[PDB]
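One structure is given below, encoded as structure tokens.
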Amino acid sequence: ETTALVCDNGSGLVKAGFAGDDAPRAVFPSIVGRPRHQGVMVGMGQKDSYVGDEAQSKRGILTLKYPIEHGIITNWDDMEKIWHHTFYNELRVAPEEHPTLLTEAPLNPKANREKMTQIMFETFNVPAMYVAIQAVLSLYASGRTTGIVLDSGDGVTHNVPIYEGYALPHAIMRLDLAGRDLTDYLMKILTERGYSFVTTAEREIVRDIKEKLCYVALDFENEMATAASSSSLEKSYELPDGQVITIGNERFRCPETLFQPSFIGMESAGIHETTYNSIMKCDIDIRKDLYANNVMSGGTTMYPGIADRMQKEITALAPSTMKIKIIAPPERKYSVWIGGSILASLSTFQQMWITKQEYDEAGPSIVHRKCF
Amino acid sequence: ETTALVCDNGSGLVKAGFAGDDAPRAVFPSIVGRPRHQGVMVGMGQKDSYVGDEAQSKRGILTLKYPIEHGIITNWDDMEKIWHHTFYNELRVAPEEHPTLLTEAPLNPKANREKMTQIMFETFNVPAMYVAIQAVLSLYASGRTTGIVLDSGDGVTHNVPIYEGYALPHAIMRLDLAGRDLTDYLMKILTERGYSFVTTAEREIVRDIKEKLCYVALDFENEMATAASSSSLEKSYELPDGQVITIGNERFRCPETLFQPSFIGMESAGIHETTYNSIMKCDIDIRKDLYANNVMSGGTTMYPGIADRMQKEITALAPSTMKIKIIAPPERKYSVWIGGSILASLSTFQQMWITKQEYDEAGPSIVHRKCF
Amino acid sequence: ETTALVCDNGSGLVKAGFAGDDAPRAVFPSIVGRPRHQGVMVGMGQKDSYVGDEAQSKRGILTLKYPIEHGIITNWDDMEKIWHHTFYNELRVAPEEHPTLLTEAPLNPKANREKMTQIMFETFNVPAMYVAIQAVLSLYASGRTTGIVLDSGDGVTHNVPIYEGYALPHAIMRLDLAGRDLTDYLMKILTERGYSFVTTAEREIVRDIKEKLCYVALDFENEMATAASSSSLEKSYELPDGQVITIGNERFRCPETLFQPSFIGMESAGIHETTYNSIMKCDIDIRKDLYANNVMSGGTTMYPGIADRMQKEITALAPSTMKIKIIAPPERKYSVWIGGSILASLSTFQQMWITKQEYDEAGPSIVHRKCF
Amino acid sequence: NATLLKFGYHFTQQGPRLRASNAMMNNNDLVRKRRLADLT
Ligand SMILES: Nc1ncnc2c1ncn2[C@@H]1O[C@H](COP(=O)(O)OP(=O)(O)O)[C@@H](O)[C@H]1O
Ligand SMILES: Nc1ncnc2c1ncn2[C@@H]1O[C@H](COP(=O)(O)OP(=O)(O)O)[C@@H](O)[C@H]1O
Ligand SMILES: Nc1ncnc2c1ncn2[C@@H]1O[C@H](COP(=O)(O)OP(=O)(O)O)[C@@H](O)[C@H]1O
Ligand SMILES: [Mg+2]
Ligand SMILES: [Mg+2]
Ligand SMILES: [Mg+2]
């Protein structure tokens with residue numbers, strides 16, 4: 001009778017809703033805004049914060065902080081604010097009569113999962129809660145059992161291969177390059193055309209520019225030459241104060257950092273090389289099945305050139321007698337949540353919850369013996 | 001129905017079927033696989049163990065164990081799994097209404113035969129069972145009565161001479177050098193060209209390479225010189241992950257261990273010397289009949305150079321006034337099973353079974369007083 | 001002068017010097033560094049590549065590559081740079097008037113040895129050169145003739161048994177798990193405490209942490225329980241930028257991969273099981289002499305708990321009526337070089353060199369007919 | 001201190017960050033253990 005809750009707390013956005021649905025009810029940015037130190041506006045008699053859409057709407061007098069940096073929860077009071085907002089203000093529900101499903105990226109600290117269990121059981125006290133790996137949920141939403149998931153969000157980009165339901169943790173790869181780094185790089189490279197975005201309120205404007213106008217080139221040098229030749233790749237964007245800006249090659253130079261990290265000074269390899277290295281660290285008899293089942297998930301995979309570019313690069317790296325298939329569904333931005341709704345709806349999952357009695361008896365360490 | 005069952009449990013493969021047929025119904029590898037990685041997807045019909053073709057197909061996430069080593073059953077729970085699989089899943093039969101014929105290599109421990117009798121009568125309880133020597137069955141399938149059988153499989157290589165239906169147990173020879181040792185030697189010597197096969201899943205790949213590309217040279221030194229001169233003996237093999245390897249002298253260096261055991265550090269003599277020594281230990285008046293009737297059986301005799309090499313070596317060892325004839329039929333991989341089907345169909349054999357009443361009265365020791 | 005040179009090129013370090021000494025003259029890391037950023041200050045003795053201690057000192061602006069991976073030379077230009085540095089810059093000698101002794105791990109590709117011979121005779125042309133197995137040199141430095149050598153360095157871990165000067169090549173074991181794999185595993189497991197080491201410059205920091213603070217537990221489960229109970233096993237390390245980190249169970253979880261390879265996903269057995277399997281593959285009359293003469297060499301054997309743990313494990317595996325003795329001298333990090341200095345000083349070795357005339361007459365293949 | 005349960009501060013260094021995180025988890029577990037012991 002009790003409906004289960006599915007909550008996905010990424011580095012940048014929170015996607016929360018009810019199990020059994022098709023789309024999340026509440027999708028809001030994972031930011032906490034605090035008063036600015038300029039004494040311009042002191043008349044707003046609040047408590048001490050604004051969270052979510054309210055912080056974004058009032059961002060002209062606020063300083064915005066992200067509670068999660070590179071997939072790791074760094075501030076826990078702000079995380080409590082986010083969870084309180086998504087329980088009482090967005091979903092409009094009382095947490096004491098709904099089980100909760102939470103998500104976590106691979107190769108995270110154990111303390112993060114332990115404190116998630118502790119906060120969900122001692123402050124927002126739920127009958128049961130369960131923590132799951134995001135790539136397993138993405139594979140659940142994709143409908144298949146074997147595949148390698150490239151999950152790229154706002155803080156991390158990780159590759160996880162799974163064969164017939166068994167995961168290989170020694171081949172799990174993690175790269176600290178995601179959407180926020182691309183936003184910072186776009187802020188850096190818009191200064192070449194004379195536009196100056198500095199403050200955190202303008203970072204959201206640059207993020208909107210990136211979400212609306214950027215794309216991944218199939219060949220980088222040819223598209224750079226084409227942009228240098230003619231102004232056919234140039235697009236115009238209207239700022240909130242009515243100013244109009246024009247951008248050219250910056251549309252495709254920004255996501256190219258995902259394939260050439262040295263643009264921002266990182267020594268690592270691109271996502272295609274990382275995926276190929278993750279495939280090569282597995283056993284020889286499963287690589288063929290991983291080749292045909294490259295699954296893309298996350299909001300950073302939403303550029304309209306990335307599947308063809310990934311296919312071209314991986315086909316260049318892999319032997320010529322292999323079928324390389326990139327699986328990029330249109331609803332892949334919320335695949336983790338969709339998988340969570342799938343997982344929370346199974347009749348065979350209802351005995352795997354962690355009840356409050358078990359948490360009382362064992363403490364905040366049963367999350368390793370119960371959750372993968 | 002009472003249509004007898006014929007089951008041949010070798011070191012590497014299981015050949016099971018019904019008596020009176022021409023070919024075995026179920027031929028599957030004798031391996032048990034168990035998962036070694038972490039399972040993350042709930043339900044989906046995951047099993048704790050896999051047997052036979054299913055274990056071979058899913059070997060990329062499994063550790064594969066052979067229940068039988070050098071013709072001796074080392075693990076009995078896995079052997080029970082193999083017998084349960086070959087009775088209920090492959091042959092699709094109920095064991096309680098079918099007599100069973102099993103095979104065993106010469107000079108095996110008595111405890112192996114005793115525990116085979118105990119398992120067949122107390123767990124998969126049959127009306128009757130009979131254990132036979134493999135070389136006698138090979139001579140049965142060849143259609144003749146006099147001959148010396150060289151049976152080489154996956155764990156053992158044994159010579160048994162028989163003259164007019166009488167066996168000579170003092171001249172029975174056994175060498176613990178067979179196909180699995182050649183597989184291990186091929187794994188060792190492929191490291192010279194930079195290929196590294198380590199895990200048990202790659203051992204099956206090396207076994208496939210050996211079955212497809214290896215052959216026995218008529219003259220070893222001349223073929224080594226020919227390989228050193230030109231790259232005409234080199235063949236290419238495609239790995240499961242699309243990689244292509246090239247092998248040269250390793251095609252004929254691997255089965256040459258059967259004629260020069262000192263390649264793997266053994267002090268024994270080759271198969272030709274062992275056959276000649278077995279011939280010389282018999283009576284003088286039957287050696288001529290043994291010379292004309294060399295019968296080859298087993299999968300290790302399937303290399304396409306071995307009959308001519310054996311004939312050349314034995315003719316070199318034997319006096320020049322003798323006719324040395326090697327009998328290598330095309331269906332010699334399943335000769336033991338064919339002989340078992342012949343033996344179980346005879347009207348003169350039906351009084352030689354070991355019934356359940358005899359086993360109850362005598363215990364698991366009548367298999368020595370009844371069978372050889 | 002004709003004072004022979006002894007050079008040991010391992011996976012991680014180069015130990016070079018003159019024969020007849022007690023310690024190597026030049027011990028330097030086997031890395032080549034190349035700049036990754038943009039140079040703006042002209043001159044100032046900037047090099048396009050850096051080798052050895054200079055690369056390690058300037059590693060904050062360099063990308064470091066190891067020319068040797070798992071005992072196999074993967075890049076040959078960098079290897080030529082290393083050899084040029086160790087001949088002209090470190091030893092300060094002219095190679096054309098000094099014979100050279102080089103080392104190689106067992107079961108390496110033949111092409112590696114052939115190209116080493118070709119480079120030493122055609123680019124740094126020596127009067128003579130000789131390639132030797134490292135474990136034989138380790139037994140040479142130990143002063144005895146019979147024993148089984150476990151040599152574990154930065155890329156390989158190999159067991160070689162020798163009885164009265166005769167080696168048994170069929171019992172030589174090789175495992176591709178050594179110090180660099182433990183460094184990578186330590187990098188992986190420090191992310192559990194929130195520390196992120198990604199670049200190759202930070203790999204040296206993690207290697208330094210491993211060399212200073214890690215140790216092998218005598219009982220793994222008891223020490224894990226003790227670490228979980230109290231913070232008495234926790235140690236602090238000061239980073240190059242002044243940050244202080246604290247580590248607990250990671251001190252002993254890192255070298256435990258040498259006894260439980262499944263921590264990094266490998267199907268193989270531990271070093272104690274590998275040593276016992278190497279002992280069991282030899283003849284029965286020499287195993288007792290191998291039991292009392294376990295010789296440890298290499299830098300991976302320098303953890304201060306490994307001899308007692310190896311003795312306990314092997315005594316658990318071996319029969320109780322046997323004396324198991326582990327020989328771990330204090331100078332075992334340079335035993336191979338010491339053995340090379342012993343070998344190059346013998347009067348009975350001077351006829352076993354490969355002169356330039358022999359190389360001219362035979363080509364780069366006499367290194368197989370002369371050296372093992 | 002064994003009493004403080006929440007500390008609102010964005011640390012810069014991972015060392016103190018983890019020390020703080022462990023301290024808060026410890027204090028909350030003291031809460032848990034005394035809630036378990038007082039349950040007769
Ligand atoms: N259409 C788009 N094109 C490119 N990037 C996008 C698009 N939509 C969203 N993003 C990026 O996806 C990131 C978050 O995606 P998602 O993975 O759903 O959230 P989280 O990372 O919080 O789990 C944001 O930083 C945003 O910049
Ligand atoms: N075409 C072939 N060439 C060489 N060897 C083969 C060939 N086919 C099978 N083998 C070898 O035969 C061995 C098993 O043969 P067989 O005697 O039928 O099984 P078992 O030894 O289990 O009774 C296997 O180890 C395999 O390596
Ligand atoms: N005190 C120590 N404790 C543990 N490991 C060490 C210690 N000193 C060196 N090592 C390891 O030994 C490895 C190299 O040892 P060595 O065998 O001398 O060099 P190579 O492997 O190049 O021949 C390095 O990777 C290093 O991590
Ligand atoms: Mg996410
Ligand atoms: Mg057989
Ligand atoms: Mg070494």
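Letters A, B, ... mark the chains of the structure tokens in the order given; residue numbers begin at 1 per chain; ligand numbers begin at 1, in order shown.
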Exercise. Return the Cα root-mean-square deviation, in Å, for chain B superposed on chain A by least squares with the Cα atoms paired in order.
Key: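 That gives an RMSD of 1.3 Å.
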Practice problem: Would you give me, as a PyMOL selection string, the residues of chain B that come within 7 Å of chain C, using only C-alpha atoms? | Solution: chain B and resi 191-194+199+264-265
Quiz item: Could you pull the residues within 9 Å of residue 16 (chain C), counting only C-alpha atoms, minus those fewer than 4 positions along the same chain, as a PyMOL selection string?
Solution: chain C and resi 5-9+24-28+86-87+90-91+337
Selection file, N, CA and C atoms, as a short mmCIF file (atom, residue, chain, number, x, y, z; two decimals), in the first residue's frame:
data_model
loop_
_atom_site.label_atom_id
_atom_site.label_comp_id
_atom_site.auth_asym_id
_atom_site.auth_seq_id
_atom_site.Cartn_x
_atom_site.Cartn_y
_atom_site.Cartn_z
N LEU C 5 81.18 -4.42 -17.13
CA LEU C 5 80.06 -3.65 -16.61
C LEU C 5 78.92 -4.59 -16.25
N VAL C 6 78.22 -4.28 -15.16
CA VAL C 6 77.04 -5.01 -14.74
C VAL C 6 75.89 -4.03 -14.69
N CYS C 7 74.86 -4.28 -15.49
CA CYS C 7 73.71 -3.40 -15.58
C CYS C 7 72.45 -4.24 -15.42
N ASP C 8 71.59 -3.83 -14.49
CA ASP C 8 70.32 -4.50 -14.23
C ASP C 8 69.22 -3.50 -14.53
N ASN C 9 68.48 -3.76 -15.60
CA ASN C 9 67.39 -2.91 -16.06
C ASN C 9 66.09 -3.61 -15.69
N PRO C 24 76.04 -1.37 -6.40
CA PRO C 24 76.00 -0.65 -7.68
C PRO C 24 76.34 0.83 -7.53
N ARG C 25 77.03 1.36 -8.54
CA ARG C 25 77.45 2.75 -8.52
C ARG C 25 76.27 3.69 -8.76
N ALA C 26 75.42 3.36 -9.73
CA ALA C 26 74.33 4.24 -10.15
C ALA C 26 73.02 3.49 -10.01
N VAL C 27 72.16 3.96 -9.11
CA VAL C 27 70.82 3.43 -8.91
C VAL C 27 69.86 4.57 -9.17
N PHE C 28 69.13 4.50 -10.28
CA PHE C 28 68.25 5.61 -10.61
C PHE C 28 66.95 5.09 -11.22
N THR C 86 72.86 5.92 -18.70
CA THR C 86 73.60 5.11 -17.74
C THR C 86 75.01 4.80 -18.20
N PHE C 87 75.32 4.98 -19.48
CA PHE C 87 76.69 4.78 -19.93
C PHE C 87 77.51 6.07 -19.87
N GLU C 90 75.92 8.71 -16.03
CA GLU C 90 76.00 8.20 -14.67
C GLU C 90 77.31 7.47 -14.40
N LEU C 91 77.61 6.42 -15.17
CA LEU C 91 78.85 5.68 -14.97
C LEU C 91 80.07 6.42 -15.49
N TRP C 337 72.26 -7.65 -8.83
CA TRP C 337 73.46 -6.93 -9.24
C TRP C 337 74.69 -7.53 -8.58
#
Practice problem: Write out as a list in words each polymer residue whose atoms come within 10 Å of residue 20 (chain D), counting only C-alpha atoms; drop sequence neighbours fewer than 5 positions from it. | Solution: residues 6, 7, 9, 11, 14, 15, 25 and 26 of chain D
Saved selection, atoms kept: N, CA, C and O atoms, as an mmCIF file, in the first residue's frame:
data_model
loop_
_atom_site.group_PDB
_atom_site.id
_atom_site.type_symbol
_atom_site.label_atom_id
_atom_site.label_comp_id
_atom_site.auth_asym_id
_atom_site.auth_seq_id
_atom_site.Cartn_x
_atom_site.Cartn_y
_atom_site.Cartn_z
ATOM 1 N N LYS D 6 26.084 18.376 14.093
ATOM 2 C CA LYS D 6 26.159 18.972 12.762
ATOM 3 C C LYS D 6 27.168 20.107 12.805
ATOM 4 O O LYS D 6 27.145 20.921 13.733
ATOM 5 N N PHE D 7 28.050 20.157 11.808
ATOM 6 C CA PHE D 7 29.006 21.251 11.666
ATOM 7 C C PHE D 7 28.959 21.793 10.241
ATOM 8 O O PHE D 7 29.384 21.112 9.301
ATOM 9 N N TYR D 9 30.253 23.742 7.460
ATOM 10 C CA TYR D 9 31.473 24.338 6.924
ATOM 11 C C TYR D 9 31.991 23.547 5.732
ATOM 12 O O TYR D 9 32.117 22.321 5.798
ATOM 13 N N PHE D 11 34.961 22.481 4.043
ATOM 14 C CA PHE D 11 36.396 22.270 4.150
ATOM 15 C C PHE D 11 37.077 22.327 2.784
ATOM 16 O O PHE D 11 36.466 22.078 1.742
ATOM 17 N N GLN D 14 41.224 17.573 2.241
ATOM 18 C CA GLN D 14 40.503 16.309 2.383
ATOM 19 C C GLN D 14 40.772 15.640 3.733
ATOM 20 O O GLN D 14 39.899 14.928 4.247
ATOM 21 N N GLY D 15 41.986 15.802 4.270
ATOM 22 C CA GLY D 15 42.392 15.335 5.587
ATOM 23 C C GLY D 15 41.470 15.730 6.733
ATOM 24 O O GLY D 15 40.873 14.865 7.401
ATOM 25 N N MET D 25 30.102 11.265 12.479
ATOM 26 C CA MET D 25 29.563 9.908 12.406
ATOM 27 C C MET D 25 29.717 9.171 13.734
ATOM 28 O O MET D 25 28.812 8.438 14.153
ATOM 29 N N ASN D 26 30.870 9.352 14.393
ATOM 30 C CA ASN D 26 31.129 8.810 15.727
ATOM 31 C C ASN D 26 30.113 9.310 16.749
ATOM 32 O O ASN D 26 29.566 8.511 17.520
#
Exercise. Kindly compile the residues surrounding ligand 4 within 12 Å, counting only C-alpha atoms and all ligand atoms, and format them as a PyMOL selection string.
Key: chain A and resi 7-15+30+68+70-72+102-106+132-138+150-158+178-179+296-301+332-337
Hey, list the chain D side of the contact with chain A: 7 Å cut-off, only C-alpha atoms, answer as an mmCIF file with N, CA, C and O atoms, in the first residue's frame.
data_model
loop_
_atom_site.group_PDB
_atom_site.id
_atom_site.type_symbol
_atom_site.label_atom_id
_atom_site.label_comp_id
_atom_site.auth_asym_id
_atom_site.auth_seq_id
_atom_site.Cartn_x
_atom_site.Cartn_y
_atom_site.Cartn_z
ATOM 1 N N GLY D 8 28.441 23.009 10.084
ATOM 2 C CA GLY D 8 28.220 23.610 8.780
ATOM 3 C C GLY D 8 29.441 24.370 8.314
ATOM 4 O O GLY D 8 29.607 25.540 8.668
ATOM 5 N N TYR D 9 30.253 23.742 7.460
ATOM 6 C CA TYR D 9 31.473 24.338 6.924
ATOM 7 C C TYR D 9 31.991 23.547 5.732
ATOM 8 O O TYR D 9 32.117 22.321 5.798
ATOM 9 N N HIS D 10 32.297 24.240 4.639
ATOM 10 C CA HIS D 10 32.898 23.604 3.469
ATOM 11 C C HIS D 10 34.413 23.625 3.632
ATOM 12 O O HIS D 10 35.063 24.649 3.411
ATOM 13 N N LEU D 36 19.875 2.473 21.706
ATOM 14 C CA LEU D 36 19.783 1.016 21.755
ATOM 15 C C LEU D 36 19.910 0.473 23.175
ATOM 16 O O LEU D 36 19.239 -0.505 23.526
#
Self-check item: Nearest residue to residue 342 (chain B) from the set B:123, B:56, B:142, B:226 (distances using only C-alpha atoms)
Solution: B:142
Taking the chain letters and numbering used in this document, name the residues of region 98-230 of chain C that DSSP puts in helix (DSSP H, G or I), as a PDB file with C-alpha atoms, in the first residue's frame.
ATOM      1  CA  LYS C 110      62.655 -13.826 -27.797  1.00  0.00           C
ATOM      2  CA  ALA C 111      62.380 -10.559 -29.781  1.00  0.00           C
ATOM      3  CA  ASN C 112      63.194  -8.536 -26.646  1.00  0.00           C
ATOM      4  CA  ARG C 113      66.517 -10.359 -26.160  1.00  0.00           C
ATOM      5  CA  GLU C 114      67.296 -10.199 -29.907  1.00  0.00           C
ATOM      6  CA  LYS C 115      66.737  -6.440 -30.067  1.00  0.00           C
ATOM      7  CA  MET C 116      68.748  -5.934 -26.845  1.00  0.00           C
ATOM      8  CA  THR C 117      71.658  -7.775 -28.502  1.00  0.00           C
ATOM      9  CA  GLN C 118      71.216  -5.744 -31.717  1.00  0.00           C
ATOM     10  CA  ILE C 119      71.161  -2.394 -29.858  1.00  0.00           C
ATOM     11  CA  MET C 120      74.159  -3.295 -27.647  1.00  0.00           C
ATOM     12  CA  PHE C 121      76.190  -4.407 -30.681  1.00  0.00           C
ATOM     13  CA  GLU C 122      75.163  -1.800 -33.283  1.00  0.00           C
ATOM     14  CA  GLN C 134      67.856 -12.728 -12.557  1.00  0.00           C
ATOM     15  CA  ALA C 135      67.044 -15.594 -10.161  1.00  0.00           C
ATOM     16  CA  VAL C 136      70.319 -17.375 -10.999  1.00  0.00           C
ATOM     17  CA  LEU C 137      72.140 -14.155 -10.051  1.00  0.00           C
ATOM     18  CA  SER C 138      70.108 -13.953  -6.823  1.00  0.00           C
ATOM     19  CA  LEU C 139      71.222 -17.493  -5.974  1.00  0.00           C
ATOM     20  CA  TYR C 140      74.804 -16.491  -6.883  1.00  0.00           C
ATOM     21  CA  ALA C 141      74.731 -13.610  -4.391  1.00  0.00           C
ATOM     22  CA  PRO C 169      62.647 -25.021 -16.627  1.00  0.00           C
ATOM     23  CA  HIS C 170      59.340 -26.925 -16.438  1.00  0.00           C
ATOM     24  CA  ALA C 171      58.849 -25.752 -12.832  1.00  0.00           C
ATOM     25  CA  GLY C 179      55.096  -3.462  -7.117  1.00  0.00           C
ATOM     26  CA  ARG C 180      53.501  -1.303  -9.829  1.00  0.00           C
ATOM     27  CA  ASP C 181      50.230  -3.246  -9.560  1.00  0.00           C
ATOM     28  CA  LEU C 182      50.307  -2.695  -5.787  1.00  0.00           C
ATOM     29  CA  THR C 183      50.909   1.019  -6.443  1.00  0.00           C
ATOM     30  CA  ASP C 184      47.865   1.115  -8.747  1.00  0.00           C
ATOM     31  CA  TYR C 185      45.775  -0.760  -6.162  1.00  0.00           C
ATOM     32  CA  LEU C 186      46.858   1.706  -3.460  1.00  0.00           C
ATOM     33  CA  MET C 187      45.837   4.572  -5.789  1.00  0.00           C
ATOM     34  CA  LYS C 188      42.452   2.878  -6.239  1.00  0.00           C
ATOM     35  CA  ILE C 189      41.849   2.301  -2.518  1.00  0.00           C
ATOM     36  CA  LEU C 190      42.954   5.741  -1.330  1.00  0.00           C
ATOM     37  CA  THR C 191      39.815   7.107  -3.043  1.00  0.00           C
ATOM     38  CA  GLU C 192      37.826   5.485  -0.206  1.00  0.00           C
ATOM     39  CA  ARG C 193      39.232   8.110   2.169  1.00  0.00           C
ATOM     40  CA  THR C 200      51.614   9.973 -13.197  1.00  0.00           C
ATOM     41  CA  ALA C 201      53.465  12.444 -10.954  1.00  0.00           C
ATOM     42  CA  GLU C 202      51.166  11.470  -8.066  1.00  0.00           C
ATOM     43  CA  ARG C 203      51.869   7.771  -8.735  1.00  0.00           C
ATOM     44  CA  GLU C 204      55.410   8.365  -7.441  1.00  0.00           C
ATOM     45  CA  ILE C 205      53.923   9.969  -4.302  1.00  0.00           C
ATOM     46  CA  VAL C 206      51.729   6.878  -3.773  1.00  0.00           C
ATOM     47  CA  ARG C 207      54.801   4.669  -4.374  1.00  0.00           C
ATOM     48  CA  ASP C 208      56.692   6.617  -1.682  1.00  0.00           C
ATOM     49  CA  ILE C 209      53.720   6.171   0.710  1.00  0.00           C
ATOM     50  CA  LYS C 210      53.784   2.422  -0.012  1.00  0.00           C
ATOM     51  CA  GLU C 211      57.547   2.170   0.589  1.00  0.00           C
ATOM     52  CA  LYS C 212      57.403   4.075   3.877  1.00  0.00           C
ATOM     53  CA  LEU C 213      54.143   3.053   5.583  1.00  0.00           C
ATOM     54  CA  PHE C 220      44.671 -10.582   7.770  1.00  0.00           C
ATOM     55  CA  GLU C 221      41.271 -10.988   9.472  1.00  0.00           C
ATOM     56  CA  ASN C 222      42.593 -10.304  12.991  1.00  0.00           C
ATOM     57  CA  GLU C 223      44.390  -7.158  11.821  1.00  0.00           C
ATOM     58  CA  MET C 224      41.267  -5.980   9.948  1.00  0.00           C
ATOM     59  CA  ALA C 225      39.223  -6.464  13.139  1.00  0.00           C
ATOM     60  CA  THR C 226      41.898  -4.633  15.174  1.00  0.00           C
ATOM     61  CA  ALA C 227      41.899  -1.741  12.665  1.00  0.00           C
ATOM     62  CA  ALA C 228      38.086  -1.617  12.768  1.00  0.00           C
ATOM     63  CA  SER C 229      38.145  -1.532  16.583  1.00  0.00           C
TER      64      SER C 229
END
Quiz item: Mind pulling up the distance from CA of residue 18 (chain D) to atom 7 (C, counted along the ligand's line) of ligand 3?
Solution: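 It comes out at 28.0 Å.
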